[PDB]
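In what follows, a structure is listed as C-alpha coordinates, so that the remarks can point back to it.
In this note's numbering, the protein residues as written are 178 to 284.
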(Lines of atoms letter the chains of each structure in order from A; the text may use other names.)
(Lines give C-alpha, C1' and ligand atoms only; values in the text may rest on other atoms or scores of the structure.)
Protein backbone atom coordinates (compact mmCIF):
# COMPACT_ATOMS: atom_id res chain seq x y z
CA UNK A 178 0.00 0.00 0.00
CA UNK A 179 3.13 2.15 -0.07
CA UNK A 180 2.89 3.41 -3.68
CA UNK A 181 -0.09 5.60 -2.76
CA UNK A 182 1.71 7.01 0.32
CA UNK A 183 4.81 8.08 -1.66
CA UNK A 184 5.28 11.51 -3.27
CA UNK A 185 8.23 12.32 -5.53
CA UNK A 186 8.75 14.95 -8.16
CA UNK A 187 11.36 16.14 -10.59
CA UNK A 188 11.63 19.83 -9.65
CA UNK A 189 13.78 20.84 -12.60
CA UNK A 190 15.79 19.27 -15.41
CA UNK A 191 17.96 20.71 -18.17
CA UNK A 192 20.63 19.87 -20.77
CA UNK A 193 23.72 21.33 -19.07
CA UNK A 194 26.54 20.79 -21.60
CA UNK A 195 27.42 18.43 -24.44
CA UNK A 196 24.67 15.76 -24.41
CA UNK A 197 24.26 15.60 -20.64
CA UNK A 198 20.92 16.11 -18.88
CA UNK A 199 20.69 16.86 -15.15
CA UNK A 200 17.45 16.26 -13.21
CA UNK A 201 16.72 17.14 -9.58
CA UNK A 202 14.62 14.41 -7.92
CA UNK A 203 12.88 15.62 -4.77
CA UNK A 204 11.19 13.46 -2.14
CA UNK A 205 8.18 15.58 -1.14
CA UNK A 206 6.35 12.84 0.75
CA UNK A 207 6.66 11.05 4.07
CA UNK A 208 8.26 7.73 3.01
CA UNK A 209 11.91 6.84 2.44
CA UNK A 210 12.87 5.82 -1.11
CA UNK A 211 15.16 2.75 -0.88
CA UNK A 212 17.70 1.41 -3.37
CA UNK A 213 17.65 4.52 -5.53
CA UNK A 214 20.37 3.15 -7.82
CA UNK A 215 18.07 0.22 -8.68
CA UNK A 216 15.51 2.58 -10.22
CA UNK A 217 14.53 2.32 -13.89
CA UNK A 218 15.01 5.37 -16.15
CA UNK A 219 13.61 6.05 -19.64
CA UNK A 220 14.36 9.09 -21.81
CA UNK A 221 13.52 10.31 -25.26
CA UNK A 222 11.78 12.64 -27.69
CA UNK A 223 8.23 12.84 -29.03
CA UNK A 224 6.83 10.10 -26.81
CA UNK A 225 9.35 7.47 -27.94
CA UNK A 226 11.56 6.68 -24.96
CA UNK A 227 14.76 4.65 -24.65
CA UNK A 228 15.80 2.67 -21.55
CA UNK A 229 18.71 4.34 -19.75
CA UNK A 230 21.01 1.89 -17.92
CA UNK A 231 22.41 2.68 -14.48
CA UNK A 232 26.14 3.46 -14.77
CA UNK A 233 26.25 0.86 -17.53
CA UNK A 234 29.38 1.89 -19.45
CA UNK A 235 27.53 2.87 -22.65
CA UNK A 236 25.23 5.82 -23.49
CA UNK A 237 22.49 6.50 -22.67
CA UNK A 238 23.25 5.82 -19.00
CA UNK A 239 22.61 7.60 -15.72
CA UNK A 240 24.38 8.17 -12.41
CA UNK A 241 23.40 9.29 -8.90
CA UNK A 242 25.56 9.48 -5.79
CA UNK A 243 22.92 8.51 -3.17
CA UNK A 244 21.31 5.09 -2.85
CA UNK A 245 18.33 6.33 -0.83
CA UNK A 246 16.06 9.36 -0.75
CA UNK A 247 14.78 10.41 2.68
CA UNK A 248 11.63 12.58 2.98
CA UNK A 249 12.56 16.15 2.10
CA UNK A 250 15.79 15.29 0.29
CA UNK A 251 16.72 16.13 -3.29
CA UNK A 252 19.37 14.38 -5.41
CA UNK A 253 21.01 15.19 -8.72
CA UNK A 254 20.49 12.54 -11.42
CA UNK A 255 22.82 12.85 -14.41
CA UNK A 256 21.86 11.34 -17.78
CA UNK A 257 24.53 10.89 -20.45
CA UNK A 258 22.81 10.88 -23.82
CA UNK A 259 23.96 9.26 -27.04
CA UNK A 260 22.31 11.86 -29.29
CA UNK A 261 22.27 15.66 -28.98
CA UNK A 262 18.97 17.25 -28.05
CA UNK A 263 16.99 19.05 -30.75
CA UNK A 264 15.36 22.37 -29.95
CA UNK A 265 12.42 21.34 -32.15
CA UNK A 266 11.44 18.25 -30.11
CA UNK A 267 10.07 17.76 -26.61
CA UNK A 268 11.82 15.25 -24.33
CA UNK A 269 10.49 13.14 -21.46
CA UNK A 270 12.29 11.73 -18.42
CA UNK A 271 10.47 8.77 -16.89
CA UNK A 272 11.62 7.12 -13.66
CA UNK A 273 10.21 4.08 -11.86
CA UNK A 274 11.64 3.86 -8.36
CA UNK A 275 11.97 0.47 -6.63
CA UNK A 276 8.65 0.62 -4.73
CA UNK A 277 6.96 1.07 -8.13
CA UNK A 278 6.27 4.82 -7.90
CA UNK A 279 6.58 6.57 -11.28
CA UNK A 280 7.66 10.18 -11.85
CA UNK A 281 8.10 12.09 -15.10
CA UNK A 282 9.20 15.47 -16.43
CA UNK A 283 9.02 17.02 -19.89
CA UNK A 284 11.13 19.84 -21.30
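Beta carbons: idealized from backbone N, C-alpha and C, even for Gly.
- Straight through space, the alpha carbons of residue 178 and residue 233 are spaced by roughly 32 Å.
- Put simply, the backbone Cα of residue 272 is about 6 Å away from that of residue 279.
- The three-state secondary structure of residue 215, taken from DSSP, is helix.
- When 206, 197, 265 are compared, the shortest CA-CA separation from residue 257 is found for 197.
- For residue 207, the closest alpha carbon among the candidates 248, 185, 229 is that of 248.
- In the displayed model, residue 262 falls within coil according to three-state DSSP, outside both helix and strand.
- The criterion of a C-beta distance shorter than 8 Å is not satisfied by residue 199 and residue 270.
- Taking the CA atoms as reference points, residue 215 sits about 17 Å from residue 183.
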